[PDB]
file query_2.cif (mmCIF, C-alpha atoms)
data_query
#
loop_
_atom_site.label_atom_id
_atom_site.label_comp_id
_atom_site.auth_asym_id
_atom_site.auth_seq_id
_atom_site.Cartn_x
_atom_site.Cartn_y
_atom_site.Cartn_z
CA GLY A 1 67.89 135.37 48.65
CA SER A 2 67.01 137.01 51.98
CA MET A 3 64.70 140.04 52.00
CA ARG A 4 66.30 143.40 51.23
CA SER A 5 63.36 145.78 50.81
CA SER A 6 59.96 145.88 52.53
CA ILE A 7 57.49 148.20 50.83
CA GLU A 8 55.17 149.34 53.63
CA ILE A 9 52.31 151.75 54.44
CA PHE A 10 51.70 153.54 57.72
CA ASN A 11 48.35 155.05 58.60
CA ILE A 12 48.87 158.17 60.70
CA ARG A 13 45.25 158.23 61.93
CA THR A 14 45.03 154.66 63.31
CA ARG A 15 48.83 154.34 63.73
CA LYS A 16 48.77 150.93 62.01
CA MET A 17 51.31 149.67 59.44
CA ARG A 18 51.03 147.09 56.65
CA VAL A 19 53.54 145.25 54.43
CA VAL A 20 52.69 145.55 50.73
CA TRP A 21 55.63 143.57 49.34
CA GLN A 22 59.06 142.27 50.39
CA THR A 23 61.88 141.50 47.97
CA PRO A 24 65.57 140.54 47.91
CA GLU A 25 65.93 143.35 45.33
CA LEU A 26 66.57 147.02 46.16
CA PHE A 27 63.36 148.99 45.63
CA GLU A 28 63.17 152.67 46.48
CA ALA A 29 61.16 155.83 47.00
CA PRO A 30 57.44 155.06 46.58
CA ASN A 31 54.87 157.51 45.16
CA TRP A 32 51.18 156.78 45.66
CA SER A 33 48.87 157.09 42.68
CA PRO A 34 46.22 159.83 42.87
CA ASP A 35 43.47 157.26 42.33
CA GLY A 36 44.80 155.37 45.37
CA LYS A 37 45.34 152.14 43.48
CA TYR A 38 49.10 151.69 43.10
CA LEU A 39 52.56 152.62 44.27
CA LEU A 40 55.28 153.85 41.92
CA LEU A 41 58.79 152.67 42.88
CA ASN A 42 62.22 152.60 41.28
CA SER A 43 64.71 149.78 41.25
CA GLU A 44 68.09 149.61 39.49
CA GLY A 45 67.25 152.52 37.16
CA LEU A 46 63.78 151.30 36.13
CA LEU A 47 60.29 152.32 37.27
CA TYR A 48 57.64 149.88 38.53
CA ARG A 49 53.94 149.98 39.48
CA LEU A 50 52.87 147.83 42.47
CA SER A 51 49.10 147.40 42.77
CA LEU A 52 47.60 147.86 46.24
CA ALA A 53 44.75 145.40 45.51
CA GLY A 54 45.33 142.00 43.94
CA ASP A 55 48.81 141.28 42.59
CA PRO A 56 51.44 143.57 44.18
CA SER A 57 54.19 142.14 41.92
CA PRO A 58 56.13 145.03 40.36
CA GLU A 59 55.02 145.86 36.84
CA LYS A 60 57.74 147.58 34.77
CA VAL A 61 56.91 151.03 33.36
CA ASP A 62 57.96 151.79 29.76
CA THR A 63 60.22 154.85 30.33
CA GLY A 64 61.72 154.44 26.82
CA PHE A 65 65.42 155.37 26.70
CA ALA A 66 65.29 156.43 30.35
CA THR A 67 66.70 153.29 31.96
CA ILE A 68 68.91 154.95 34.55
CA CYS A 69 66.19 156.60 36.65
CA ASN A 70 67.05 157.63 40.18
CA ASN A 71 64.91 157.93 43.36
CA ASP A 72 63.37 161.32 42.48
CA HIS A 73 60.13 160.90 40.56
CA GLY A 74 56.44 161.58 40.97
CA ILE A 75 52.93 161.46 39.56
CA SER A 76 50.86 164.44 38.40
CA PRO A 77 47.73 165.28 40.44
CA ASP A 78 45.47 164.19 37.60
CA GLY A 79 47.41 160.93 37.37
CA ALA A 80 48.16 161.22 33.62
CA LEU A 81 51.91 162.00 33.84
CA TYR A 82 55.05 160.75 35.49
CA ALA A 83 58.09 162.87 36.18
CA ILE A 84 61.46 161.06 36.34
CA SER A 85 65.07 162.04 36.84
CA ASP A 86 67.34 160.07 34.49
CA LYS A 87 71.00 160.05 33.40
CA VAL A 88 71.10 158.18 30.06
CA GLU A 89 71.27 161.29 27.87
CA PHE A 90 73.84 163.46 29.65
CA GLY A 91 75.53 161.24 32.26
CA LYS A 92 73.90 163.25 35.03
CA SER A 93 70.40 163.67 36.38
CA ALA A 94 67.93 165.37 34.02
CA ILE A 95 64.19 165.75 34.62
CA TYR A 96 61.64 164.37 32.10
CA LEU A 97 57.85 163.96 31.94
CA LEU A 98 56.16 160.99 30.27
CA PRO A 99 52.65 159.50 30.09
CA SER A 100 51.72 157.53 33.25
CA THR A 101 50.80 154.68 30.95
CA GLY A 102 54.38 154.66 29.61
CA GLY A 103 56.18 156.13 26.61
CA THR A 104 58.83 158.61 25.46
CA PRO A 105 60.29 160.97 28.03
CA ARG A 106 60.08 164.70 27.30
CA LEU A 107 63.15 166.66 28.60
CA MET A 108 62.28 169.45 31.00
CA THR A 109 65.62 170.67 32.32
CA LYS A 110 68.46 171.94 30.15
CA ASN A 111 70.57 172.88 33.21
CA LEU A 112 72.05 169.88 35.03
CA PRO A 113 72.03 168.08 37.25
CA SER A 114 68.39 168.50 38.32
CA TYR A 115 66.46 166.18 40.72
CA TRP A 116 62.63 166.07 40.49
CA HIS A 117 60.93 166.46 43.92
CA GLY A 118 57.28 167.74 43.85
CA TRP A 119 54.31 168.57 41.57
CA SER A 120 52.33 171.78 42.18
CA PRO A 121 48.77 171.14 43.47
CA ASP A 122 47.34 172.74 40.29
CA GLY A 123 49.56 170.43 38.16
CA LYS A 124 51.03 173.32 36.15
CA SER A 125 54.46 173.48 37.79
CA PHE A 126 57.01 171.27 39.54
CA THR A 127 59.82 171.85 41.98
CA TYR A 128 63.32 170.32 42.13
CA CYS A 129 66.86 170.41 43.45
CA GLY A 130 69.24 171.90 40.89
CA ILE A 131 73.00 171.79 41.36
CA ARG A 132 74.83 174.62 39.60
CA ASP A 133 78.60 174.72 40.04
CA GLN A 134 78.17 172.90 43.39
CA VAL A 135 75.45 175.29 44.58
CA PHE A 136 72.40 173.23 45.63
CA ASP A 137 69.16 175.19 45.19
CA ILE A 138 65.42 174.89 45.04
CA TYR A 139 63.98 175.63 41.62
CA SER A 140 60.55 175.46 40.09
CA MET A 141 59.51 175.19 36.46
CA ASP A 142 56.34 176.05 34.62
CA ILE A 143 55.63 172.98 32.47
CA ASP A 144 53.98 174.82 29.56
CA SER A 145 56.67 177.55 29.22
CA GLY A 146 59.80 175.67 30.28
CA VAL A 147 60.87 178.67 32.38
CA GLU A 148 63.15 177.90 35.32
CA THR A 149 62.77 179.91 38.55
CA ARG A 150 65.40 179.91 41.28
CA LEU A 151 63.80 179.95 44.78
CA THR A 152 66.84 179.73 47.01
CA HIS A 153 70.14 181.44 46.39
CA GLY A 154 72.95 179.34 47.88
CA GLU A 155 72.12 179.81 51.54
CA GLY A 156 73.58 176.44 52.54
CA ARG A 157 72.83 173.40 50.38
CA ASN A 158 69.10 173.12 49.70
CA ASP A 159 67.42 169.90 48.70
CA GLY A 160 64.21 167.84 48.61
CA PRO A 161 61.45 170.38 47.77
CA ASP A 162 57.77 169.41 47.97
CA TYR A 163 54.65 171.62 47.90
CA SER A 164 52.13 172.26 50.64
CA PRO A 165 48.63 171.27 49.35
CA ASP A 166 47.41 174.91 49.47
CA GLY A 167 50.19 175.64 47.00
CA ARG A 168 51.54 178.59 48.98
CA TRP A 169 54.72 176.91 50.22
CA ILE A 170 57.47 174.53 49.16
CA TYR A 171 59.06 172.61 52.10
CA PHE A 172 62.69 171.57 51.69
CA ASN A 173 65.86 171.02 53.77
CA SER A 174 68.86 173.26 54.09
CA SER A 175 72.30 172.93 55.68
CA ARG A 176 72.54 176.68 56.28
CA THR A 177 72.52 176.22 60.08
CA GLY A 178 75.11 173.46 60.29
CA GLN A 179 72.99 170.37 59.80
CA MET A 180 70.11 169.57 57.51
CA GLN A 181 66.88 171.16 58.90
CA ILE A 182 63.43 171.62 57.39
CA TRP A 183 62.71 175.02 55.90
CA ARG A 184 59.90 176.37 53.76
CA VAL A 185 59.91 179.00 50.99
CA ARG A 186 56.92 180.77 49.39
CA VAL A 187 56.23 179.56 45.84
CA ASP A 188 56.94 183.14 44.71
CA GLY A 189 60.30 182.98 46.48
CA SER A 190 59.64 186.05 48.55
CA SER A 191 59.99 184.68 52.04
CA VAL A 192 61.64 181.64 53.62
CA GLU A 193 61.54 180.32 57.23
CA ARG A 194 62.90 177.56 59.46
CA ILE A 195 60.59 174.67 60.36
CA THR A 196 62.75 172.22 62.34
CA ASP A 197 65.31 173.10 64.99
CA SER A 198 66.54 169.64 66.03
CA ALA A 199 69.57 167.65 67.05
CA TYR A 200 69.19 165.69 63.79
CA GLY A 201 69.68 165.97 60.04
CA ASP A 202 66.13 166.19 58.74
CA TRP A 203 65.52 165.05 55.20
CA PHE A 204 62.76 164.33 52.70
CA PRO A 205 59.86 166.58 53.87
CA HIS A 206 56.48 165.59 52.44
CA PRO A 207 53.45 167.70 53.37
CA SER A 208 50.27 165.59 53.59
CA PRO A 209 47.57 166.37 50.99
CA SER A 210 45.23 166.88 53.95
CA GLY A 211 47.23 169.93 55.00
CA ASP A 212 47.83 169.17 58.66
CA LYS A 213 51.08 167.15 58.77
CA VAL A 214 54.56 166.75 57.35
CA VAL A 215 56.40 163.38 57.39
CA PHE A 216 60.21 163.30 57.13
CA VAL A 217 63.28 161.28 58.14
CA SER A 218 65.79 162.24 60.91
CA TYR A 219 69.35 160.87 60.70
CA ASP A 220 71.79 161.12 63.60
CA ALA A 221 73.53 164.52 63.70
CA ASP A 222 76.99 163.05 63.02
CA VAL A 223 75.78 161.70 59.66
CA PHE A 224 76.86 163.48 56.46
CA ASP A 225 74.49 163.84 53.55
CA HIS A 226 71.77 161.12 53.15
CA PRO A 227 73.28 157.60 53.04
CA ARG A 228 71.70 154.14 52.80
CA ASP A 229 71.32 151.58 55.53
CA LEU A 230 71.44 153.48 58.81
CA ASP A 231 69.29 153.50 61.93
CA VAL A 232 66.95 156.45 61.28
CA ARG A 233 63.63 157.85 62.64
CA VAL A 234 60.49 158.48 60.58
CA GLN A 235 59.08 161.68 62.05
CA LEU A 236 55.83 163.58 61.84
CA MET A 237 54.97 167.18 62.72
CA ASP A 238 52.36 169.93 62.18
CA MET A 239 52.70 172.24 59.11
CA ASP A 240 54.24 174.95 61.33
CA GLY A 241 56.74 172.51 62.77
CA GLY A 242 54.85 172.00 66.03
CA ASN A 243 54.34 168.63 67.75
CA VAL A 244 57.28 166.74 66.29
CA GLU A 245 56.98 163.03 67.03
CA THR A 246 58.74 159.79 66.08
CA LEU A 247 56.30 157.53 64.30
CA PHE A 248 58.78 154.61 64.26
CA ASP A 249 62.49 153.68 64.11
CA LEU A 250 63.64 152.28 60.79
CA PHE A 251 66.66 150.75 59.10
CA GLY A 252 67.11 152.75 55.93
CA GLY A 253 67.47 156.41 54.97
CA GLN A 254 68.21 156.70 51.27
CA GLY A 255 65.30 155.05 49.37
CA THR A 256 62.93 155.07 52.38
CA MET A 257 60.91 158.07 51.08
CA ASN A 258 62.86 160.29 48.66
CA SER A 259 59.81 161.24 46.65
CA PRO A 260 56.25 162.45 47.53
CA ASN A 261 54.76 159.43 49.32
CA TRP A 262 51.24 160.23 50.68
CA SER A 263 48.03 158.48 49.79
CA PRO A 264 45.66 160.96 48.13
CA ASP A 265 43.47 160.70 51.28
CA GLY A 266 46.27 162.13 53.48
CA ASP A 267 45.85 159.43 56.17
CA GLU A 268 48.60 157.08 55.05
CA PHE A 269 52.03 157.22 53.50
CA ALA A 270 54.19 154.64 51.66
CA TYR A 271 57.87 154.01 52.60
CA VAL A 272 60.60 151.34 52.27
CA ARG A 273 62.18 149.66 55.27
CA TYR A 274 65.44 147.85 54.54
CA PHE A 275 67.25 144.87 56.03
CA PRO A 276 71.05 144.74 56.42
CA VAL A 277 72.99 142.91 53.66
#
call {"tool": "encode", "arguments": {"input": "query_2.cif", "output": "structure tokens"}}
result
Amino acid sequence: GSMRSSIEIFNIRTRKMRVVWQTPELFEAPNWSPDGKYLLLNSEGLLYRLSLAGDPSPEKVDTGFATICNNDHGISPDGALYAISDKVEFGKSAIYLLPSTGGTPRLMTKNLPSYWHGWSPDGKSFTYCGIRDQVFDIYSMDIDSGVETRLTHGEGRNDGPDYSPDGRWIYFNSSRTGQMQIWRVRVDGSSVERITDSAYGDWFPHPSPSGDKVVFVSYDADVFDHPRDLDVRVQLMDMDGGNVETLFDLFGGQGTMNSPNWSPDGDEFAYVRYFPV
């Protein structure tokens, strides 16, 4: 079988890349463990750990009944929990938490579909895209109480939320201006503001844990939604949207970086490059 996915890391300080693992399988959306030691990927509804030292061969995570996981998942700051978005139970995406060492998923969201997208720096809350009667909004939930908080209110479609490391902002994208652009909303909901103003559809914002940079993908403007297998750009900019640059061109899009992908040191991020079928 020819290669289909290349799990890779790019260091934004030295501007060097490395190939962790290539496979003829379709692997997607890496997270990076808070201890620095492994990547968490999904493939064909299952979750896998790939060690960054020694054997990078994917090791399957026991997600119990949750065997139709999608690309929206993450790891808690203390490293003890995984959050997954799975459709076994209700036929549409629902968010669960489980131990990072595997086990039985605990349902978080009763209102569906909901797509997990970022863990709060203090670990107490998470943020997600919730679709409610075809209204795409940013929500957050307090893990201990189960209380759902709506942060956007149907101004365009709003997707892909992830926290700034100071915990004051959630960055996301919104179609409110005509194409997907990066926006940010305060965690209390109280203000929102535009971060990119580009000729592209800008998707998957991830603020670096080091608090200086945001990485994201830019599709061509004539693209609708966030498909697989297109010629895209992996971009980087300052927190305030200044100094936008193209780090590299890439064949991909969907799967490349859906979920929070930074090393805990904030100097490197994980991503998947694809090869045409």
call {"tool": "closest_residue", "arguments": {"input": "query_2.cif", "among": "A:86, A:122, A:220, A:142", "to": "residue 107 in chain A", "atoms": "all atoms listed in the file"}}
result
A:86
call {"tool": "closest_residue", "arguments": {"input": "query_2.cif", "among": "A:118, A:64, A:241, A:255", "to": "residue 194 in chain A", "atoms": "all atoms listed in the file"}}
result
A:241
call {"tool": "closest_residue", "arguments": {"input": "query_2.cif", "among": "A:274, A:212, A:53, A:23", "to": "residue 36 in chain A", "atoms": "all atoms listed in the file"}}
result
A:53
call {"tool": "residues_around", "arguments": {"input": "query_2.cif", "residues": "residue 130 in chain A", "least_positions_apart": "5", "cutoff": "8 Å", "atoms": "all atoms listed in the file", "output": "list in words"}}
result
residues 111, 112, 113, 114, 115, 135, 136, 137, 138 and 139 of chain A
call {"tool": "resolve_selection", "arguments": {"input": "query_2.cif", "expression": "the PyMOL selection byres ((chain A and resi 80) around 9)", "output": "compact mmCIF listing (two decimals) with C-alpha atoms, in the coordinates of the input"}}
result
# COMPACT_ATOMS: atom_id res chain seq x y z
CA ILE A 75 52.93 161.46 39.56
CA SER A 76 50.86 164.44 38.40
CA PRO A 77 47.73 165.28 40.44
CA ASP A 78 45.47 164.19 37.60
CA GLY A 79 47.41 160.93 37.37
CA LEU A 81 51.91 162.00 33.84
CA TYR A 82 55.05 160.75 35.49
CA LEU A 98 56.16 160.99 30.27
CA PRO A 99 52.65 159.50 30.09
CA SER A 100 51.72 157.53 33.25
CA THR A 101 50.80 154.68 30.95
call {"tool": "resolve_selection", "arguments": {"input": "query_2.cif", "expression": "the PyMOL selection byres ((chain A and resi 47) around 8)", "output": "compact mmCIF listing (two decimals) with C-alpha atoms, in the frame of the given file"}}
result
# COMPACT_ATOMS: atom_id res chain seq x y z
CA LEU A 40 55.28 153.85 41.92
CA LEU A 41 58.79 152.67 42.88
CA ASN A 42 62.22 152.60 41.28
CA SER A 43 64.71 149.78 41.25
CA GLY A 45 67.25 152.52 37.16
CA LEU A 46 63.78 151.30 36.13
CA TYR A 48 57.64 149.88 38.53
CA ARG A 49 53.94 149.98 39.48
CA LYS A 60 57.74 147.58 34.77
CA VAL A 61 56.91 151.03 33.36
CA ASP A 62 57.96 151.79 29.76
CA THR A 63 60.22 154.85 30.33
CA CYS A 69 66.19 156.60 36.65
call {"tool": "resolve_selection", "arguments": {"input": "query_2.cif", "expression": "the PyMOL selection byres ((chain A and resi 206) around 8)", "output": "PyMOL selection string"}}
result
chain A and resi 162-163+171+204-205+207-208+214-216+259-262
call {"tool": "axis_aligned_box", "arguments": {"input": "query_2.cif", "around": "range 41-53 of chain A", "padding_each_side": "8 Å", "output": "lines of an AutoDock Vina configuration file"}}
result
center_x = 56.4
center_y = 149.0
center_z = 41.2
size_x = 39.3
size_y = 23.3
size_z = 26.1
call {"tool": "closest_residue", "arguments": {"input": "query_2.cif", "among": "A:242, A:56, A:165, A:74", "to": "residue 31 in chain A", "atoms": "all atoms listed in the file"}}
result
A:74
call {"tool": "residues_near_point", "arguments": {"input": "query_2.cif", "point": "(66.0, 148.0, 49.0)", "cutoff": "9 Å", "atoms": "all atoms listed in the file", "output": "list in words"}}
result
residues 3, 4, 5, 6, 7, 23, 24, 25, 26, 27, 28, 43, 252, 255, 256, 272, 273, 274 and 275 of chain A
call {"tool": "residues_around", "arguments": {"input": "query_2.cif", "residues": "range 172-176 of chain A", "least_positions_apart": "3", "cutoff": "8 Å", "atoms": "all atoms listed in the file", "output": "PDB file with C-alpha atoms, in the coordinates of the input"}}
result
ATOM      1  CA  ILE A 138      65.420 174.890  45.040  1.00  0.00           C
ATOM      2  CA  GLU A 155      72.120 179.810  51.540  1.00  0.00           C
ATOM      3  CA  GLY A 156      73.580 176.440  52.540  1.00  0.00           C
ATOM      4  CA  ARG A 157      72.830 173.400  50.380  1.00  0.00           C
ATOM      5  CA  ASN A 158      69.100 173.120  49.700  1.00  0.00           C
ATOM      6  CA  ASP A 159      67.420 169.900  48.700  1.00  0.00           C
ATOM      7  CA  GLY A 160      64.210 167.840  48.610  1.00  0.00           C
ATOM      8  CA  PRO A 161      61.450 170.380  47.770  1.00  0.00           C
ATOM      9  CA  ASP A 162      57.770 169.410  47.970  1.00  0.00           C
ATOM     10  CA  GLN A 179      72.990 170.370  59.800  1.00  0.00           C
ATOM     11  CA  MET A 180      70.110 169.570  57.510  1.00  0.00           C
ATOM     12  CA  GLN A 181      66.880 171.160  58.900  1.00  0.00           C
ATOM     13  CA  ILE A 182      63.430 171.620  57.390  1.00  0.00           C
ATOM     14  CA  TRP A 183      62.710 175.020  55.900  1.00  0.00           C
ATOM     15  CA  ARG A 184      59.900 176.370  53.760  1.00  0.00           C
ATOM     16  CA  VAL A 185      59.910 179.000  50.990  1.00  0.00           C
ATOM     17  CA  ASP A 202      66.130 166.190  58.740  1.00  0.00           C
ATOM     18  CA  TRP A 203      65.520 165.050  55.200  1.00  0.00           C
ATOM     19  CA  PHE A 204      62.760 164.330  52.700  1.00  0.00           C
ATOM     20  CA  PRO A 205      59.860 166.580  53.870  1.00  0.00           C
TER      21      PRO A 205
END
call {"tool": "atom_distance", "arguments": {"input": "query_2.cif", "atom1": "CA of residue 269 in chain A", "atom2": "CA of residue 21 in chain A"}}
result
14.7 Å
call {"tool": "atom_distance", "arguments": {"input": "query_2.cif", "atom1": "CA of residue 57 in chain A", "atom2": "CA of residue 29 in chain A"}}
result
16.2 Å
call {"tool": "residues_near_point", "arguments": {"input": "query_2.cif", "point": "(62.4, 156.1, 56.4)", "cutoff": "6 Å", "atoms": "all atoms listed in the file", "output": "list in words"}}
result
residues 217, 234, 250, 252, 253, 256 and 257 of chain A
